[PDB]
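One chain comes next, on its own, written out as structure tokens in the form deposited in one PDB entry.
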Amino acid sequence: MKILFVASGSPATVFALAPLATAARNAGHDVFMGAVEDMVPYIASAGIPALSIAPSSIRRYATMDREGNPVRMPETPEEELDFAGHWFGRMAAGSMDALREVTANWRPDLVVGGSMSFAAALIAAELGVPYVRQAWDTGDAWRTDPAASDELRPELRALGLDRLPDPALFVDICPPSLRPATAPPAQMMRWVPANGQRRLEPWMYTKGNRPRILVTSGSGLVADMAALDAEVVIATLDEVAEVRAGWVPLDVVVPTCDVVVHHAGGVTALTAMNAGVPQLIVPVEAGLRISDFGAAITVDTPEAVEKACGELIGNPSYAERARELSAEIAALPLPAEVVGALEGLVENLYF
């Protein structure tokens, strides 16, 4: 069947949705993944047919309201969520022209979107096909969703809807022990790496006698790690790689690490959670939860990062929490199994 993936939220949605897209394709479905223009190279290099559904400036443009007015800044934690919902709502609105044009020529039987990919929902409703939502669930939907519905009222009333329609299925990649205690039941999935590649070098898959530290990514720690006889790897852009620097396949290299140092960016977090390597977060809501679990530390200077690093290598609990989380994750339904549930949403309906 034809399956349209829509990754219109944050840039990190692409990488979150990639393994399910890969599995659908690998089960012989025709899969296209659409996203903001600047995400298209990442989709394509992961080996998924890739569509551009909005120009790159949409992110900056969607911070203005739909009548070109600037929008005041949120003033409370709740307003922050509401304003994000309007923002995601405007990103969705600006994906619709492309999605309508694509779907007039290639009509999906099913639409899968990311956590905040509301264009997935509208286009699914417009076509009258089942809608699936995949998230690393944080229990924010109850807040972000009415606000997005708010924003998309012209489009929803065109479909005679009051609010955005519920997905026919919710897929959660957040590990059980990190899920919000009042979260509704969900279809679990093990996120696994799905991304572009280059030729491997020996050092990338060699374990080594000494500790290996990964820092991602370049835009007092090294002195500390030198005092641990540790191998320090920095993931960076090729041209700035002028300590081991340059392109790093996270999937290949993370498992050979004892620590991964990264910013609140989703990819490393996911790779490290699945591989079971302790993390050091330098600020997202995910990290906080992995920290609360003790598989990671979230810091505040290079001094804070230095001490956090030594704790995570010296205190053996952080690694032990990372391993058990990894074990839990390894028991979750594989992307290929979840493909089985997607196929059921299209068949398996009452006549």
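Here the rigid core means the biggest group of C-alpha atoms that line up within 1.5 Å when the two forms are laid on top of each other. Start at 1 and count along the sequence shown; that's the residue number.
Quick note: we don't show the form deposited in another entry, though the next part is all about it.
Checking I123, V261, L250, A148 for C-alpha shifts of 2 Å or more between the shown form and the other one, after the rigid core is superposed, gives a single hit: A148. Annotation for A12: C-alpha shift of 2 angstroms or more between the shown form and the other one, rigid core superposed. Taking 2 Å as the criterion, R210 counts as shifted between the shown form and the other one: its C-alpha moves by at least this amount when the rigid core is aligned. A displacement of less than 2 angstroms separates the C-alpha positions of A104 between the shown form and the other one, with the rigid core held in common.
In the other entry, the Cα positions of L228 and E306 lie at least 3 Å nearer to each other than in the form displayed. In comparison with the shown form, the Cα-Cα distance of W142 and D172 decreases by at least 3 angstroms in the other entry.
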